[PDB]
There are 2 protein chains.
Amino acid sequence: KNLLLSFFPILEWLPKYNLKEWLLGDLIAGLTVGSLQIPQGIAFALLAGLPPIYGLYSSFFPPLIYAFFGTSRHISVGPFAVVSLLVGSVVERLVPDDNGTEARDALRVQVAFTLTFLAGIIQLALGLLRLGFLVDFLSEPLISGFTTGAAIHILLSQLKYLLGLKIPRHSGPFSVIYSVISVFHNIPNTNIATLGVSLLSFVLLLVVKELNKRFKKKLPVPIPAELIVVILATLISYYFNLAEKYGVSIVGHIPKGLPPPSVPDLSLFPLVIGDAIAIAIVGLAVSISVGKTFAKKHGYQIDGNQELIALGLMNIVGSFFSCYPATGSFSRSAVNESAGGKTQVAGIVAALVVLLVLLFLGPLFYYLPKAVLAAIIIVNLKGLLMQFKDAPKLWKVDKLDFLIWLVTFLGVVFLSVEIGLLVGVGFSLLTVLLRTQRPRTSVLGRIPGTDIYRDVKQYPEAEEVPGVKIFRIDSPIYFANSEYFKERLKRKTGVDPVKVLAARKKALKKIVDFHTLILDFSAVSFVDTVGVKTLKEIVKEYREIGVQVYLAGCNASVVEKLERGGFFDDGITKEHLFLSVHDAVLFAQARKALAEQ
Amino acid sequence: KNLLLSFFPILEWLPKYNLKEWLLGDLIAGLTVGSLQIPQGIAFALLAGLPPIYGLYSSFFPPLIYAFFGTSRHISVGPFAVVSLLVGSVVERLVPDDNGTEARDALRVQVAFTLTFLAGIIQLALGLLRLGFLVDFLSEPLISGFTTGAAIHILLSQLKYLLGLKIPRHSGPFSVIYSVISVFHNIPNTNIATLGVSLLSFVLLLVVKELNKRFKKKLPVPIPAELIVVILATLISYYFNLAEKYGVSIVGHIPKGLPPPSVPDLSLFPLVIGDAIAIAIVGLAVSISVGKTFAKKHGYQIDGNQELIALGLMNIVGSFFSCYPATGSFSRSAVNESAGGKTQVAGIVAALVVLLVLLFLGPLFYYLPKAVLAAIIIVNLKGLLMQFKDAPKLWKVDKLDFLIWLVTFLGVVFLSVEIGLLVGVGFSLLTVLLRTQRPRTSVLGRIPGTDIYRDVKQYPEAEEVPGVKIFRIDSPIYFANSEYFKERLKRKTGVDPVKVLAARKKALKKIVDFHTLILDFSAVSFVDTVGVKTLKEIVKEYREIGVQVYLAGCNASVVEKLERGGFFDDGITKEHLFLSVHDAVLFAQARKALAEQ
Ligand SMILES: CCCCCCCC/C=C/CCCCCCCC(=O)O[C@H](COC(=O)CCCCCCCCCCCCCCC)COP(=O)([O-])OCC[N+](C)(C)C
Ligand SMILES: CCCCCCCC/C=C/CCCCCCCC(=O)O[C@H](COC(=O)CCCCCCCCCCCCCCC)COP(=O)([O-])OCC[N+](C)(C)C
Ligand SMILES: CCCCCCCC/C=C/CCCCCCCC(=O)O[C@H](COC(=O)CCCCCCCCCCCCCCC)COP(=O)([O-])OCC[N+](C)(C)C
Ligand SMILES: CCCCCCCC/C=C/CCCCCCCC(=O)O[C@H](COC(=O)CCCCCCCCCCCCCCC)COP(=O)([O-])OCC[N+](C)(C)C
Ligand SMILES: CC(C)CCC[C@@H](C)[C@H]1CC[C@H]2[C@@H]3CC=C4C[C@@H](O)CC[C@]4(C)[C@H]3CC[C@]12C
Ligand SMILES: CC(C)CCC[C@@H](C)[C@H]1CC[C@H]2[C@@H]3CC=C4C[C@@H](O)CC[C@]4(C)[C@H]3CC[C@]12C
Ligand SMILES: CC(C)CCC[C@@H](C)[C@H]1CC[C@H]2[C@@H]3CC=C4C[C@@H](O)CC[C@]4(C)[C@H]3CC[C@]12C
Ligand SMILES: CC(C)CCC[C@@H](C)[C@H]1CC[C@H]2[C@@H]3CC=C4C[C@@H](O)CC[C@]4(C)[C@H]3CC[C@]12C
C-alpha cells in the first residue's frame, strides 16, 4: 500500500529512474565520493579511537541502508568529523589507554557498537512518534556555533599526530586549554620525520586541489586528492622505511573481508546513554539541515519524520555489522552534487567502491603514516572553520541570534561538547521569551476623517475619542509578560483602578477621564492560564470604578480560552467582544448617549 | 539623608508612633506571639536537628534586627516549619547521627551557622543589586504546591517522635515512601507511654483552641494553648517521672544565659552553598508574600528590595549570635494581627518575652517529652495542609496553573525538597511559552458601513476588501512562535509566495487574489531577533510575487527594533507603516487606482 511505499521510498523512486541522462552522472558521482570516503573513512576512525577498518565499514553499510529508507536525493551519509569526535570522547573515557592492545580494542569496539545502537534507537523512536517537528527548534546559529566549536577541538587533537608528540589529553571542562599548553610544553619532543611527512602531505593536497580547481577540465571525473596523497605517502613510507628507522607512527594492520555480525552489549547502557543522546541529536540536526538545503535548491521536499526513521535504521543495522554512528555531511553532499549526483544510486555506487577496497586492497595501507591522515582531517575542516564568518553577520542584524552563536561556541570550546550543545539549546529557547517579555503597548486614537486608530505617540495626527480609552498590546499575554501588561495598562491609561477605589471609599466614609476601556486584542496570538487570570483581574478592577471593558479584536482560540477559563461571568459578556476597534468605539459612544437619556 | 532613613526604616516610623491608641494593642500582640514563639521555637529547633536552645535564640535576635531594617508592619519573623525542614536535611546529611553527642552537636551547629550566613548574604545581595523584582516570578501556585509538599514531609518526620519509634530515615529521592514503610514495619516497637503523652497533648491543644475560639472573651489576651500544654506536660513528666521509668524521650538540658558570639566556618562553603540558595529563595518567597498580603489588606506598601536587605541582615547578624535562618510566616503574622499588632513594636515585645525565658526560665523544660513538641508541630501544620483546597480551584479556572501546583507538590513529596522547588520553578516559566507558542491568527474584514475590521470567521458580517488581504497575529513574534506565524500566514491567506514564484518561473522558462498584504501588528507586544528575521523573509517573498506588505499597528519599540534589525531596506520603507488597518487599507486602494491610470 501507500504506507509500505512511503515507509520504503526506494520501491517508489527506483522504477521511475530514467537510465539515459542520469546513470552516467550518478556513476561519476559515486566514484568521486568513494575516492573521498576511503581516506576520510580511515581518518575519522582514528579521530574516534577505534581501529582503522571501522571507517571503511562505516562508509559501506550506512549509505546502502539510507538509499533504501531515505527521502533525500543529494545527501551522502557516512563518517563525518563532529560525530567521530563525540564517539571518540566516550570510547577513551570508558576505555582508558592503559594481548593488551587487542583486549583494549575489543572493549573499545563494544563501546562503539552500544553508542551506534542507542543513537539509532533514539532517532528511530523520534521518527515513529512523529516528533520530527522538534528538529526545527535547532536554530541555524545554534548549529553553526556548535560545529565551529567542535572543529576547534578536532584541529587541536590532530596537532599531536601531525608533529609526532605523545601527549595524553581530555575532553572535560576547560580541556582545550590544558591540551594546547600540553602541546606547547612537548614541542621540543617533536619527531622531525613526522613533521616532514605532514608538510609533504599538505603540499600535495593543496597542489592537487588548486590544480584540478583552476586548470582545464580534460576529465569526466575530478582528480581525487586525498586518495593520491594517501597512495604516494604509503609508498614513500614503505620504500624509505619511515616506520622502523625514523620512528614515524603508522596505521596498523587493516584486515581483509566483510564485517563480522556483532551484538552491542547493553551492559554499558547506563554509562553511555547520555552521549548516545548527544550523538543522536547532532546527527539529526546536521543530516536534516543538509537534506533541506539541497531539497530547497533543487525544488523538492524531504519528510523530517521519514528522515529520522531512515537515519535510525541505518545506525541500528550498522550497529550489528560493526559500524559507528553515521550522519550526512555538507562536504560529501556538495562533492556528490557537483560531480552530478541525481539520486541515491550515487550512494550505492560509492559503497561498492569502499566494498572492493575492504575486500581486496585492504592491508596495502599498512605503511600509511598517521600524519597523512591528520593532514587530511585538517584540510577537510576548512568547511566548518569558515563559519566564523557568521558571527559578524548575525552581529549586524540580530544580537540575540549572535548570542546563540557565541554561547554555543564558547560552551563547546571552553567546556564539554555535550554541555556546549545543551547550554546553546537552552539559551536558544530562552531568546523567544526575552523577545516577548516586554512587548510594545500603545494607546490608540482615531486618525481624523478616517475610521482607523493608531498609536498617538508615533502618529501625532491621531486624536483620542472622548470618554473612550483604547489600549493595544502587541504580544501574547502569557506568564512571561502578564504583570508587565497590567503595569503598562495602569501607566499609559493614567488610572490605577484599585487606588481610585481606595480614594473613593476613604472620601465616602469621611463624609478618571473615561467610561470605557477598549482593549484591542488583534495582536494577542494566544493567552495562557496566567493570561486569563490577569485579564480577569483587569476587568474586575475596572468594573469596580465603573468602567466597561470591551475587547475588540480577539481571534477564535483566545475567545474559547477566555471562555473555558471563566472570563465571561464576572462582569463581561460575550456581547462586549467586537470585531474591530471602530465597532467597539461606536457601541461605546452609543451606550453613553442612550444612558444620558 | 533620605537614603539613611530609607536604609533604616526605624528612624522614620518610630518618632511618629502615637502612644495612646497603639501601645496597648502592640503589647497585647507581643505577649500573644511570645507565648507562641517559645514552644514552637524549641519544636522547630528539633525538626532542624539542632539542640533545643537554638529555637529560643532564633526567636529572639531575628525579630529585633528586622524591626530595625524592615518595611512590613504585620510580619513576624522567626523559626517557621519549612525552612527548619531544609536546615535539618543539610545538618543530618553533613553530620550523620553516629563526648560523642557534644562533638556531633558542635559540628552540627557549625553547619547551621554556615547556612544562616550564606542565606543572609544571598538575600542581602539580591536586595542591594535591586533584583527584588525576581520575587514576582515565584507564582502563588508554585508556592502553594511547595509548602503543601513540605508539610507532608514534616508530618511524616514527627510520626516517629509521636509514637516513640527509633527509625532512621532520609530526605533523598523517593525518601517519603521508604520512610512511611519504615514506620509501618516498626509500629510494633511503639512506646505506649509516649503515645499516651502524645494523645494527651493533642487533646489539651484542641480543647484550649476550641474553648478560647467559641467561648466568651472575658480576656484582653487570648489563652496561650501551646504554652500551657508544654507546661502541664513537663510537670506531668517530672512528677510521674516518665523519662527514666517508662523510657519516654525528653528534651535535654536548656542552658541559661544570652547567646555566645560565634563564627560560621566557611570551610564547609562548597558542601552547603546549594541548600543555602534554596533556604534563601524559600525565605524571600514566603516572607514577601506575607508582607504583601497584610500590606494590601491594611492599605500600605512594602519595598521588595528593602525587604531583601532586612531579611539578609537579620540572618547574617543571627549567624554570628548563634541562630538558624529565620523568615516570616503567615501563622505568627495572623496571630500578631488578630491580637492587634500595629507596628514592629510587637516584634520587639515578643523578643523580650523569649529573652526573659532564655535567661531565667530556661532548664525547667528538662522534663518536656519530645512527643508534646511533635504534637505542637502537627497542630501548626493545619495551615499548610489546608492548601490542598487550591488544587481543585486552579483545576476549574486554569489547567496550566493547576499543573504548576501539581508538578511542584509531587516534585517535593516524591523527590527532594530542593529539587521540587527547582522543577516547579522551571515548569512555571515554561507555561508562559506554552501560552504564547500557538497564538491566535485571523484574517480580518471590514464590518459593512463601519471603518472597523474584525475576524471574518467569528463575525460573519465582515467582508474582505477587494485586492487587500489583512492578517492579524495576537501575540509577540519571537523564537517560540515565529515558524508558526509564517505557516499560518501562508495557510489563512491561501498563498505560498515561494511556490507561486516557482510556478511562475517554470511557466516562463517553458514558454493570487491580492496586491497588498496588511499585517495588523496591534497585538505584537514585542519582536525579538528571530522575529525580525521572520518578518524580513515574509516581506522579501511577497515582494518577489509582487505584493506590497504594509504594517498597520506597530508600537514604538517594535518599529525601533525592526529598524535596528535592518527591516527597512529590503523593499519596505517606513512610509508603509500606518496607524490603523483602515489607514493602510485606504492607502492600498488609492495606490492601486492611481496605478490603473
Ligand atoms: C529532536 C531533538 C530533541 C529531543 C526530543 C525531546 C522530546 C520532548 C518532548 C516534547 C513533547 C511535545 C508534545 C506536545 C504537543 C503539543 C500539543 C498539545 O499538547 O495539544 C493538546 C493535546 O495534548 C494534550 O493536552 C494531552 C495531555 C495529556 C498527556 C498526559 C496524560 C497522562 C495522565 C497521567 C500520567 C501518569 C504517568 C506516570 C509515568 C511515570 C491540545 O490542547 P487543546 O485542548 O487543543 O488546547 C490547548 C492549546 N493548544 C494545544 C491548541 C495550543
Ligand atoms: C544531570 C543532567 C540532566 C539533563 C536533563 C536536561 C533537562 C531536560 C530538558 C527538557 C526539555 C523537555 C523535556 C520534557 C519532556 C516531557 C515529556 C512529555 O510530554 O510527556 C508527558 C508525560 O510524561 C511524563 O510523565 C514525563 C515525566 C518526565 C519528563 C522526561 C523528559 C526527558 C528527560 C529525563 C532525563 C533523565 C535523566 C536520567 C539520569 C541522569 C506526556 O507526553 P505527551 O506526548 O505530551 O502526551 C500527550 C500526547 N500528545 C498528543 C501531545 C502527543
Ligand atoms: C529571587 C529568586 C531567584 C534568584 C535570582 C537569580 C538571578 C538571575 C539574574 C537575572 C538577570 C536579570 C537582568 C536583566 C535585566 C533586563 C534589562 C536589559 O538587559 O535591558 C537592556 C540593558 O541590559 C543590557 O543589554 C546589558 C548587557 C551587558 C552585560 C554583559 C556585558 C559583559 C561583556 C563581557 C563579559 C565577560 C565577563 C566574563 C566572566 C567570567 C536594555 O536593552 P535595550 O537596548 O533597551 O533594548 C532591548 C530590549 N529591552 C531590554 C528594552 C526589552
Ligand atoms: C547540578 C545542578 C545545577 C543547577 C543550575 C540550575 C540552572 C540555572 C538557572 C537559570 C536561571 C538564570 C541564570 C543565569 C543568570 C545570568 C546572569 C547575568 O545576567 O549575568 C551577565 C553576565 O554574567 C555572566 O557571564 C554569567 C555566566 C553564567 C551565569 C550564572 C548563573 C547562576 C547559576 C550558576 C550555577 C553554578 C553551579 C556551581 C556548581 C554546581 C551580566 O549580568 P546583567 O546584570 O544582565 O548585566 C547587564 C546589566 N543590567 C543593566 C541588566 C543589570
Ligand atoms: C576545499 C579545499 C580545496 C580547501 C583548500 C585546502 C588547502 C589548499 C588549504 C586551505 C584550507 C587550509 C587549512 C584551513 C585551516 C587551517 C587552520 C589554521 O589554524 C592553520 C592553517 C590551516 C591548517 C589551513 C592550511 C592550508 C589549507 C589546508
Ligand atoms: C574570537 C571569537 C570569540 C569570535 C567572536 C568574534 C566577535 C566578538 C567579533 C568578530 C568580528 C566582529 C565584528 C567585525 C566588524 C564589525 C563592523 C563594525 O562597524 C561594528 C562591529 C563589528 C560588527 C564587529 C562586532 C564583533 C565581532 C562580531
Ligand atoms: C488553628 C487550630 C485551632 C486548628 C485546630 C487544631 C486541632 C483542634 C485539630 C485541627 C487541626 C488538626 C490536625 C490537622 C492535620 C492532621 C493530619 C492528618 O493526616 C491527621 C489528623 C491531623 C493530625 C489533625 C489532628 C487534629 C487537629 C490538631
Ligand atoms: C492527591 C493529590 C495528588 C492532589 C491532586 C488532586 C487532583 C488530581 C483532584 C483533587 C480534587 C479534584 C477535583 C474535585 C472536583 C471536581 C469537580 C468536577 O465537576 C470536575 C472535576 C474536579 C474539578 C476535580 C479535578 C481533579 C482534582 C483537582
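Throughout, read-outs are computed from the coordinates displayed, never taken from laboratory work. Note that we place each Cβ from the backbone using ideal geometry, even for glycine, and neighbour counts take in every protein chain shown.
When a/c is below 1.5 the answer is rounded, else prolate if a/b is larger than b/c, else oblate, so apply that to segment A:63-119 with a ≥ b ≥ c taken from the square roots of the Cα gyration tensor eigenvalues.
Here segment A:63-119 falls in the prolate category.
With a ≥ b ≥ c taken as the square roots of the eigenvalues of the C-alpha gyration tensor of the protein assembly as shown, please select rounded if a/c is under 1.5 and otherwise prolate if a/b is larger than b/c or oblate if it is not?
The shape class here is oblate.
Which distances in nm, rounded to one decimal and ordered from shortest, link the label point of B:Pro460 to the equivalent label points in the other identical copies, with labels set 7 Å from Cα toward Cβ?
4.7
Any idea how far the Cα center of segment A:168-182 sits from the one of segment B:258-283, in Å?
When both Cα centres are located, 35 Å separates them.
Select from segment B:222-298 those trypsin sites (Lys or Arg not before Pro) which occupy a DSSP coil region and have at most 15 other Cβ atoms within 10 Å, ordered by residue number.
Sparse-neighbourhood loop trypsin sites (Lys or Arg not before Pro): B:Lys256.
If one computes the Cα centroid of segment A:297-351 and of segment B:53-93, what distance in Å separates the two points?
One Cα centre to the other: 64 Å.
Compute the Cα gyration tensor for segment B:440-596, then decide on rounded, prolate or oblate, letting a ≥ b ≥ c be the square roots of its eigenvalues: rounded whenever a/c is under 1.5, prolate when a/b is larger than b/c in the other cases, and oblate in all that remain.
rounded
For segment A:337-426, what mean projected area does the convex hull of the alpha carbons give, in nm²?
Details: hull surface 39.2 nm².
For segment A:337-426, the mean projected area of the Cα convex hull comes to 9.8 nm².
At a temperature of 25 °C and a viscosity of 0.890 mPa s, determine how fast segment B:424-516 diffuses translationally according to Stokes-Einstein, using the Kirkwood radius over alpha-carbon pairs as Rh; express D in µm²/s, rounded to the nearest whole number.
Answer, rounded: 155 µm²/s.
If each label sits 7 angstrom from Cα along the C-beta direction, how far apart, in nm, is B:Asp105 from its counterparts in the other copies?
Result, one decimal in nm: 6.7.
Which whole-Hz couplings ³J(HN,Hα) result when phi for each residue of segment A:143-158 is put into the Karplus expression 6.51 cos²θ - 1.76 cosθ + 1.60, θ = phi - 60°, listed in order with x for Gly and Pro?
6, 4, x, 4, 5, 5, x, 4, 6, 4, 3, 5, 5, 5, 3, 7
Within 10 Å of each candidate Cβ there may be at most 15 other Cβ atoms; applying that plus a DSSP loop requirement, which chymotrypsin sites (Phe, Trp or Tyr not before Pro) in segment B:294-336 survive? Could you put the intermediate results ahead of the total?
Values: sites: B:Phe294, B:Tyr300, B:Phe320, B:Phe321, B:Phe330; in loops: B:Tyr300, B:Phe321.
Hits after loop and neighbour filter: B:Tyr300.
7 Å along Cα→Cβ for the label point: how many nanometres lie between A:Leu422 and each equivalent label in the other copies, listed shortest first?
1.0
Which entries of A:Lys536/B:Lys469; B:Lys469/B:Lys499; A:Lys393/B:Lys533; A:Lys469/B:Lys536; A:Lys396/B:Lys561; A:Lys292/B:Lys506 have Cα-Cα distances beyond 24 Å here?
A:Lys536/B:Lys469; A:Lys469/B:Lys536
Inside 10 Å of the C-beta atoms of B:550-563, what's the mean count of C-beta atoms belonging to other chains? Walk me through the numbers on the way to the answer.
Working: counts 0, 0, 3, 12, 7, 14, 6, 6, 6, 3, 1, 3, 0, 0.
What the average comes to for B:550-563 is 4.
Considering only segment A:440-596, what is the antiparallel percent among its DSSP beta bridges, to the nearest 5? Please list the in-between numbers first.
Details: 9 of 21 bridges.
Bridges in segment A:440-596 are about 45 percent antiparallel.
Convert each backbone phi in segment B:386-394 into a coupling constant with the Karplus relation 6.51 cos²θ - 1.76 cosθ + 1.60 (shift: θ = phi - 60°), then list the ³J(HN,Hα) values in order as whole Hz, x for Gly and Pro.
Coupling constants for segment B:386-394: 6, 8, 5, 4, 8, 7, x, 3, 4 Hz.
Quick one: Karplus J couplings for segment A:424-436, per residue in order, coefficients 6.51, -1.76, 1.60, θ = phi - 60°, nearest Hz, x for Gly and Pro?
Here the 3J(HN,Hα) series is x, 5, x, 4, 4, 6, 6, 4, 5, 4, 4, 7, 10 Hz.
If Rh is defined by the Kirkwood formula over all Cα pairs and Rg also comes from Cα, what ratio Rg/Rh do you get for chain B? Could you put the intermediate results ahead of the total?
Values: Rg = 32.2 Å, Rh = 28.1 Å.
Ratio of gyration radius to Kirkwood radius for chain B: 1.15.
For segment A:206-249, run through the chymotrypsin sites (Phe, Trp or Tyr not before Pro) and keep only the ones in DSSP coil with at most 10 other Cβ atoms within 10 Å of their Cβ.
Sites meeting the loop and neighbour criteria: A:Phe215.
So if I take the centroid of the Cα atoms in segment A:550-597 and the same for segment B:400-447, what is the distance between those two points in Å?
Value for the Cα centre distance between the two parts: 28 Å.
Which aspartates and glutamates have a Cα lying under 16 Å from the Cα of A:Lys296, excluding residues fewer than 8 positions away in the same chain?
A:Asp136, A:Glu140, A:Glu307, A:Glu337, B:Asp496, B:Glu537, B:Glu541
Compute the FRET efficiency between A:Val512 and B:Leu134 as 1/(1 + (r/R0)^6), taking r as their Cβ-Cβ distance and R0 = 41 Å, and round to the nearest 0.05.
Here the calculated transfer efficiency is 0.80.
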